[PDB]
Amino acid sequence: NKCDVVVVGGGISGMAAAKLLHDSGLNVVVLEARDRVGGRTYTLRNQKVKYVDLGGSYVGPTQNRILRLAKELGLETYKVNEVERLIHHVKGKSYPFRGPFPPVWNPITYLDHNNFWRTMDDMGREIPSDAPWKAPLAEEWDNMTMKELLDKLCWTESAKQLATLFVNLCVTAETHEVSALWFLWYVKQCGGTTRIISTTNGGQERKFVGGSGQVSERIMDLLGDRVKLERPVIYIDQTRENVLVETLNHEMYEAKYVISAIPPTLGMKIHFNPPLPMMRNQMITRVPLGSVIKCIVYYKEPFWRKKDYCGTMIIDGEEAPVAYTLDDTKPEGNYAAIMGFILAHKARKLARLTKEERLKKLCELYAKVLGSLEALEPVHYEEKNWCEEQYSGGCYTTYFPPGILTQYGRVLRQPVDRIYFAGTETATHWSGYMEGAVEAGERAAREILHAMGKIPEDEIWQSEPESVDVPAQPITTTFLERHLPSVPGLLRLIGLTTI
């Protein structure tokens, strides 16, 4: 019943908030809808896999908050396999390569690809991380889909196809579904194109030994009976001196403040008294989550390595159920496995199939991409379609359709009386990720500490020391990358010389 702060949601963000408040000496309760903590993270354990992350998994350089939290909890990381060659599969053929981006040989196509990535980052620099709606051309960019932007920017089909895959993979949505402003913000607030797409030196560099679910689990262990499982929140009443929070299983909690640590749209599952202000009322109906099935195929051995393939495949084309894979083999070299994502419309299309039918399609794809009959011999399979989750709404995160971020973005983390907002969606650095979950949960917690007069205003937002274990190499460009013309830039140059 009675406490200082009720945290709604026991994912990483809610757990990080609750831990900070608990450590500060406050009495906290975490009300979690599911029979488990972790939310969009979920580590399955069984004899066949030992452990496997079926939700969020990867961490990397510049994600210093999740790294610090995990380290404090006694967790370790290991590096995702990228020793051997990556594969880009396009128009039914595989092209091995090294470095984060597939090589492009055609001079015109090269200019177009180079300009595409450069322009994404150029536009990103115009967008404040903490206020994307303040970008000089916010309205113009928000009123266009990523599809429209790619149609304008990409003078080759090659670049447009790879860019489309980029968007699908980053935000588990179609290019025509999402705002260009929001997408450009999302990439920029992860540190840019190179950082977001990279394994070595990027977001996919590492995983936690034993799974990411341990973050939320170990915090639950620290908090003991303060975490209440199978307590879906249905009602929040702020009309009286103390806030009243009611659960589906009929319990009532009373608190000074509340942290909402759930996906923004999932605030719709709560009836509010008094009603939410107009802007938040409408915002929470305008912010869907993406669509993805995470699929892990197990093999007797990591046989791809013998062919000098690391297990990374970037697979273009409608027929391919999976557009991206990574080696998911244990650091010990056993439980050989390939992780793949079925993205956006394909998650909808292929959800119709049986688990066995999806396994077959994935193996047949991998056999072709890897030129390896061994891919047709899986030993085990695990998968999770996040689209079916009542208490997530999708994965990885919330996307903004055209027009929404400028009109409603400012209220995303604006407090509503004594309700403060956590959740990765409200972060300003790696929003959408476990890192963002920690940033937002701790910031929301500190907003409450400030409201209680326990800390000064300048302590609400806090910098994070760089990890000593996972140092971040800077993102660099070459002179040629900086200065080579775009395709229309080249055509202008040609038209000028021929005059």
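Don't overthink the numbering: it's just position in the shown sequence, from 1.
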{"query": "Comparing 463-471 with 55-63, the one whose average Cα B-factor in the PDB entry is higher", "finding": "463-471"}
{"query": "Entry-level comparison of average CA B-factors, 240-248 and 321-329, reporting the higher stretch", "finding": "240-248"}
{"query": "C-alpha B-factor winner, where the candidates are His89, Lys361, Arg85, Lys355", "finding": "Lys355"}
{"query": "Top Cα B factor in the deposited entry, candidates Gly213, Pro263, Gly290, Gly224", "finding": "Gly224"}
{"query": "Chain third (lowest, middle, highest) by recorded CA B-factor, residue given as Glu435", "finding": "lowest"}
{"query": "CA B-factor ranking of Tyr95, expressed as a third of its chain", "finding": "middle"}
{"query": "Third of chain Cα B-factors occupied by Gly453", "finding": "highest"}
{"query": "Cα B factor band for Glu217 (lowest, middle or highest third within the chain)", "finding": "middle"}
{"query": "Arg305 CA temperature factor, ranked by third within the chain", "finding": "middle"}
